[PDB]
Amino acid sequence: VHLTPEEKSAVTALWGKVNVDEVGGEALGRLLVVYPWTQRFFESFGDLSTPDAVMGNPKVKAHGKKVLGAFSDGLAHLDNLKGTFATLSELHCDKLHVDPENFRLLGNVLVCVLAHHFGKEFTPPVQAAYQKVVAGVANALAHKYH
């Protein structure tokens, strides 16, 4: 995407305070809880019956870690998201069959997690910066769909 020097720095500064694995398990768990239909891809993960089951599920957490680790690596390439996520875009389309709408949902849940995690530090301008980033990544992941 195109971020002002100021937004890139706001994004980077907050990301340095993030426990990637913790936040990853949390965003993925919340996605499954808030938009239950996204559970359709995780039937092999076991028990997803209640919110507590989802949040405590080891496989959800493991998946959360993987997804957010990729996201994190992505932050080093804000100037080339499309190029960075090309291969993952194709995999998500051709083999995983994930409706890209799910990327948009995860991005909005990630924003809510960051807000919850950081409180007042997650100011309106910082939010705006992150919103462009989550939209950019969702766009990059959906790019190769056909």
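Numbering starts at 1 and runs along the sequence shown. Only the largest set of C-alpha atoms that superpose within 1.5 Å between the two forms is called the rigid core.
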Once the rigid core is matched, which of the two stretches, 104-112 or 90-98, lies farther off on average in 4 other deposited structures of this protein by C-alpha? 90-98
Mean B factor on CA atoms, stretches 108-116 and 86-94, record says higher is 86-94
65-73 set against 51-59, stretch whose average Cα temperature factor tops the other in the entry: 51-59
Checking the record values for 103, 35, 45, 41, which has the greatest CA B factor? 45
Top residue by Cα temperature factor, when 19, 123, 9, 131 are compared in the entry: 9
Please place residue 99 in the lowest, middle or highest third of its chain by C-alpha B factor as given in the entry. lowest
Based on the deposited C-alpha B factors for this chain, I'd like to know if residue 13 is in the lowest, middle or highest third. highest
